[PDB]
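The lines below spell out each chain.
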Amino acid sequence: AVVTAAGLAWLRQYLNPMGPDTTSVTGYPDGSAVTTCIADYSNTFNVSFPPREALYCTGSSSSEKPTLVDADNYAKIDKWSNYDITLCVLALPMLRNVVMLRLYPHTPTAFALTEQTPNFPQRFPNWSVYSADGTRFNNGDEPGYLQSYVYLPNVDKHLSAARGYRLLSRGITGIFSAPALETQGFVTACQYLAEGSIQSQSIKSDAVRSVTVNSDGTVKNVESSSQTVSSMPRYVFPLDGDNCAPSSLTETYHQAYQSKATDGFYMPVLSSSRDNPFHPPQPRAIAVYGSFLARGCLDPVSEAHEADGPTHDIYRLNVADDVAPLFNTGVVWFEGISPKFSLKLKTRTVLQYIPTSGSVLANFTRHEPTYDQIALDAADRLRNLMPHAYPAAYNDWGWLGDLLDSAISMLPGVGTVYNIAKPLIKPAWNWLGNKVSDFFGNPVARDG
Amino acid sequence: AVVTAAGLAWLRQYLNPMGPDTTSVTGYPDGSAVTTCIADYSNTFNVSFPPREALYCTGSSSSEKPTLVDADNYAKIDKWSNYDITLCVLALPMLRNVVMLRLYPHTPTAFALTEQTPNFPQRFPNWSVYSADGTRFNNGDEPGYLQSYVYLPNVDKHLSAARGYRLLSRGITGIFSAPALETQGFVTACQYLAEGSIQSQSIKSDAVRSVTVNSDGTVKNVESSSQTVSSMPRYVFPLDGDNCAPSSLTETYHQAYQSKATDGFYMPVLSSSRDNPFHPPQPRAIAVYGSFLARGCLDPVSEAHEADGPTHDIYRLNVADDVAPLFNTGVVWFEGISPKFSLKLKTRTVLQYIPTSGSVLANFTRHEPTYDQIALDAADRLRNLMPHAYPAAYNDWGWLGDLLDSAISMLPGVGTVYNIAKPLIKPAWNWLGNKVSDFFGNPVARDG
Amino acid sequence: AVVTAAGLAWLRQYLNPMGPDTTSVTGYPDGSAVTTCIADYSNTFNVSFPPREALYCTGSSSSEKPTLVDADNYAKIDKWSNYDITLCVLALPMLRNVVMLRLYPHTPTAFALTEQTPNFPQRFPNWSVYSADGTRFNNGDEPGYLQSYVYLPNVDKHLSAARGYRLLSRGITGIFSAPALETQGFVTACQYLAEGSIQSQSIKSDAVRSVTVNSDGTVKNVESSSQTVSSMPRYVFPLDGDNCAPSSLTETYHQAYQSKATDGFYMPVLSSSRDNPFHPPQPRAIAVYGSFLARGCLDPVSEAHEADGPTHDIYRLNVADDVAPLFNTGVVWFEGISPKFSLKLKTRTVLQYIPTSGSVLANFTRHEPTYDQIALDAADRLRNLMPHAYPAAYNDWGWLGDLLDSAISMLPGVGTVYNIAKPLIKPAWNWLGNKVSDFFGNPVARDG
Amino acid sequence: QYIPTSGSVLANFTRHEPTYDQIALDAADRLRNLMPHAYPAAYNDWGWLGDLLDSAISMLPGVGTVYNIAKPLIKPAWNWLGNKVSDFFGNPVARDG
Amino acid sequence: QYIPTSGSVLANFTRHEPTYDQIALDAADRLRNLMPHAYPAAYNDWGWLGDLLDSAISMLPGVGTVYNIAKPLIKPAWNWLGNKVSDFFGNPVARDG
């Protein structure tokens, strides 16, 4: 009838992954009664405008040949560096490849993706270039944007030696810096559930056509193999690329975070579900749903037009991973950023493992299968109230825990012992205007 | 600890979509904290025995040619009009194409569907004919039944311009009328969950056979491409067509509704789940599961017979739509109906949208993300007690709301403040015999 | 606010399927308001070392020819009978084919499966041989193990004539016996959720190659049909074959059961979910997920290497069935067993049906759609505390029901009337050392 | 009632409560010669049945009587043609159809 | 506000609460001549507005007054250039941006 210490610690580390107090690591409070080891991955990256040495072409140029550095089309990228730029970071529930960074000369109208599969996607220190017309880039084209994946190798090593896994919490911090007289810019951040699933796109086979003109050989196998079949299965994310522009996100989600660029960001990505079961590691090729073009059977048609029905475009990322289901997808935009910027990305991903016999993980097991229903109910209750992001320096929230968790833990059902803990009011996270009030009306003076 | 006004309003509009009091429209009480607009579509159609001008052939006759009107095989349909007829309406959780109407000369033993994909399915005012042998109809055959889809175009327009959607409630009313001395007939109505899913049927490729008889050309590519692959993915509904006859439905489901034809019907279709998350619009070709013929690996066989295992027949509807998941499928039969009938179908579909930036919906947003756990728990509790349908004139139930919702809202958990509201007894919805008693034993005198 | 009698009876029969008191059969307490009949299948099998007459080859030898008895390679199996053996039983949530028996000369390091589809898998009294190198066995090879499926035919007959079904409970008892001075051996048992799903593996088509060398015929159709497509859909179980060795299971799961062989086992397999909805019978080919070999897009590669991504091996069982979703998979090992053993397998499977009109089941319907939220919550609460198995003779647990169910039914929420029922402590199921204490500390003296 | 053959389809629908009730058997014997051979199609759920008729017939067999008197039993008049239908206890039967 | 045309898009978003409030209209007319023409871009959510200004002005109109005295109203000094801004009740406005 009262939240235990383990449940409270899990709630703290789930809602505030990078809270300075969050030193110990605690598992999911479901009493799984399985031998588990909890791994915490803290990584730091220093992103800035890449030099020519770390740029590669995604086009057919590097198709069978390995990655090809840009053949001194870098002059166009310097032209980008003349003016302000835009920097998107997209945190899908990918376990490795924690975030995807993208650099634009100016803010796009949508989060476009290429219909053709890219060539050798590059891990963070290296980038890959994409043309301005939404296609893969070969040398001698018009670069449109740069893209890279931020990769955690230890996560891959540990996922190899694990019977099961589940993501416990994940946070991303974006400490922003720029030269003096160059601090101008804005930052927007949002979270939303993009519930991916294993789907296969509809493709066409090739009909065989033979003309046996021989005197004795007149088979004439004109059979039509050009039927509609299913491609190989991929984990497809229904992220709305066309609606990922910063303005649309700001005006769609109320808990979206907006501020000056210098404030940075701090996204504690959250789960969209009450439960969090273990899953066996099963990496798959990842893809993103697009939009359909031919209406097909959306109108009265014949069988010949059934095949070309509303088939949604599937954008292959050429990246394989196992995703954390029911976890939100985060997206942050830095618009109007000085090209001489420096973003210190800090990621903290804590996840639970069931070790495989004889594996490395088996030497770090930790057997307290604690149970706490109240903590899980409180997490579900709080999912819809927490803002999607905070300023990079805004950690160790006073309202969190002893106040917010206590003031919310006694609504669920009648699981209430203390009569009244504290009234809860609607906060106003107006970081742009310095009129921020927390969940209890206490103003938040600027600590950075 | 007490149901709010918004939750009560949502419950009222979800259980009684066409209650006369239900004027205001309220969203799902989950506190989604997203900008949403709720759209209410009320449509009215006047179905009757169609004339020859609105009848089209579904066979291979209209394969590449557009829809072909019946070549004056209408004499057989007039012969149908000599005697009594049967009228089925099937409400799948399709968003557009709210219902499917079907006209039979006499009651069938099952809800059959054609193995071959039909040609140009017709929206309501036009019908499409199917032969008596369960096949598509070409001119010069024996017509078996007529079929049409009742289509809502505004739903399609709004679904195009939406990031996400969810069905809030849906009701169908069937006000029946017939000439004097022709009011004979019966009406049956039922609801049941047909949990569809994205599946692909198992099909066969075509093996290529070449006989290179040339003196130098003797390749002889006899390779067998005739393997088993997967067709394109479709949303398949596991509706039991073989068990959709009126008698089977009446004797299977206790809450099934039976009455005289003149009573009409009023189906407030219900959800089968506790939750109701937003989903991105994603129309797909719709299909219905059949039954398998070859047992295949259901008996000890070899690999050659694994492919022809228990492969269930999939009936393509040649209609594309996005369905509302976890919502019941309704089916109503009008048996022994005078062919000179007139059914006023009234449909009310209210659903919530997340507007896309710059779209039309964005001009009608409505930001009260209210939360009410008690209302959702009450809906789950009541799902199994509400009858599947009511007489067409039976609206504004006195027992509903202040009595039923109050008398059920205090069982869940111990979320109870008022000591005792009202005892709840089992109703007896005997509309045929005029011995109807509501949930509290109060008799229901005939108001129509 | 108090658990009803029907809910308590369902809980008793779900947690203790073969409790001697469990005579009456009760349905799922959800108030489905559907006509249902509950069928109880109790079956008994006497497994022992098979003779030569009941052994068949799974290799390509019996490909088009029916099952072929071993061509007196039985001498090797007698050599097996010289020493101690190992006997695995694997209870997948298959409805028919309740368990799969497997006989090994010595304990394997993993639960291997053959990449090639076996030929004519044999129902229990007959076995099928597999070679030592993890391949199908033809006559004149090195036998590796024997395998058989324990099949319930009445379940198939009743599933044919049913609109819907759901598994209510399932238990397996393993009464072990051996000659005097031959009782040596150990038994291990475990349960874990292997959440299968309908998936299709990624396969390759065959590119067509024609050389039209004729003077007038020079088509040269060199088109590459060798693309990547999806095979036919199968129900795939993610059971970790590589981690199913007895030691790994013992050290992974805390509730795993270990004892002397003579104790036998008694696995009351449990559900992993709160709910249990009806499902339409839909048998499919069953398969088991393996592990991938080529990393593919797990590293930066090109499009040509996207197809050979992390494609997990799928092991076809050549068996078709409909599975009970969200039910645990059980696995028990008898290691170091005297080859002259005798295992009396007793299976009790009770499941609910919605009868089809005119079917046999319709003559045994039973209409008490009772509802009990407390029972379902108690089942969810208890899922993580019950041990995975008990000694074969350990039935009619005193702590169960009046003590355990009562002592757990008043934690959920505040649905509590009796102030304090009984304190609950952590049991110690040390069957090997005869230091067993139940959930309340009362020692369990050996009753067998 | 069936006795299921072992392994047959009936064996999955068994119901094990072999109740014993002699008084019901003697009541059935006594009531055989009193009940009419047929009723109108709509004449179901007879009120006189059970708590009145079975009770008024359960104490005569043997001397197994506990309650003093249940209700006097009179000869009914099943005159459906003339709409003068009486009951075993004199209560008139108004036509429900 | 729109009056929708039949069959138009707007007809799917109607909202029927024809509320009436004379006091609000009179207060708006009264306040038209006191509100400054503009504010700094960051100056939203004025504390004086509503519970203070609207209340302190809603009881001058006519004698439509129930509460005896709400709050005295003084002339503000919107000197944004010199950072000497005082609202309608003399409370200084510290720079929030």
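Whatever comes next refers back to the structure up there.
This section reports on the structure supplied with the text.

The rules behind each value
The numbering scheme counts residues from 1 along every chain following its written sequence, independent of the entry's numbering, with residues that lack coordinates not shown. For naming, the first written chain is A and the first written ligand is 1, with later ones following in the order written. Note: displayed chains form a subset of a larger assembly, with all reported quantities computed for the displayed subset only. The basis for every side-chain value is the complete set of non-hydrogen atoms in the structure, without hydrogens or water. The numbering of helices and of strands both runs from the N terminus, where a helix is a DSSP run of H or I of at least 4 residues and a strand a run of E of at least 2. Both definitions apply: the radius of gyration is a C-alpha atom measure, and the globule rule equals 2.2 Å times residues to the power 0.38. Here, two residues are considered to be in contact whenever any of their heavy atoms come within 4.5 Å of each other. Using the Shrake-Rupley algorithm and a 1.4 Å probe, accessible areas are obtained, with residue cover drawn only from the displayed protein chains. Working definition: with a 1.4 Å probe on protein chains only, accessible area under 20% of the residue-type maximum means buried, over 50% means exposed, and in between means partly exposed. Under this rule, positive means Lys or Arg and negative means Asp or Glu; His and the chain ends count for nothing. Think of each charge as sitting on NZ of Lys, CZ of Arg, CG of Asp or CD of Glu. What the arc covers is the set of directions going from the helix axis to the C-beta atoms. Every copy is matched to the others by a least-squares superposition of C-alpha atoms.

1. Section: the overall build of chain A
Now for step 1: Regarding its fold elements, chain A presents six helices and 18 strands.
Now for step 2: Computed over the C-alpha atoms, the radius of gyration of chain A is 25 Å, within 12% of the 22 Å expected from 2.2 N^0.38 for a compact globule of 448 residues.
Now for step 3: In terms of overall dimensions, chain A has C-alpha extents of about 95 × 55 × 55 Å along its principal axes.
Now for step 4: Taking the contacts inside chain A whose residues are at least 6 apart along the sequence as the reference set, 78% of them involve residues at least 24 apart.
Now for step 5: Carbon and sulfur atoms make up 53% of the accessible area of chain A, which totals about 16600 Å².

2. A closer look at the overall build of chain D
Now for step 1: Within chain D one finds two helices and zero strands.
Now for step 2: For 97 residues, the compact-globule estimate of 2.2 N^0.38 gives 13 Å, and the C-alpha radius of gyration of chain D, at 18 Å, exceeds that figure by more than 25%.
Now for step 3: Considering only C-alpha atoms, chain D reaches an extent of 55 × 40 × 20 Å along its principal axes.
Now for step 4: Across the 97 residues in chain D, those meeting the buried criterion constitute 19%.
Now for step 5: Look at the contacts in chain D between residues 6 or more apart in sequence, and 34% of them connect residues 24 or more apart.
Now for step 6: About 7400 Å² of surface is accessible on chain D, with carbon and sulfur atoms providing 57% of the total.
Now for step 7: Put simply, chain D has 7 plus and 9 minus side-chain charges, and the middle of one group is 9 Å from the middle of the other.

3. Concerning helix α2 (residues 74–82) of chain B
Count 3.6 residues to each turn of an α-helix, and residues three or four apart come out pointing the same way.
Residue and element names in this part refer to chain B.
Now for step 1: Within the sequence span of α2, burial applies to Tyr-74, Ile-77 and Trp-80. Looking down the long axis of α2, one finds its buried residues gathered within 95° of arc, a one-sided arrangement.
Now for step 2: Turning to α2, the residues buried within the fold contact β2 (55–57), β3 (85–91), β4 (99–104) and β6 (143–150).

4. Some words on the relation of the copies chain B and chain C
Now for step 1: Overlaying chain B with chain C gives an RMSD of 0.0 Å, the required rotation being 121° about an axis along which the chain moves by 0.1 Å. Overall, the copies show the geometry of a three-fold rotation axis. Among all residues of chain B, the one whose C-alpha sits closest to the rotation axis is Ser-230 of chain B, at a distance of 3.3 Å.
Now for step 2: The fraction of interface residues of chain B whose copies in chain C are also interface residues is only 13%, indicating that the copies meet through different surfaces.

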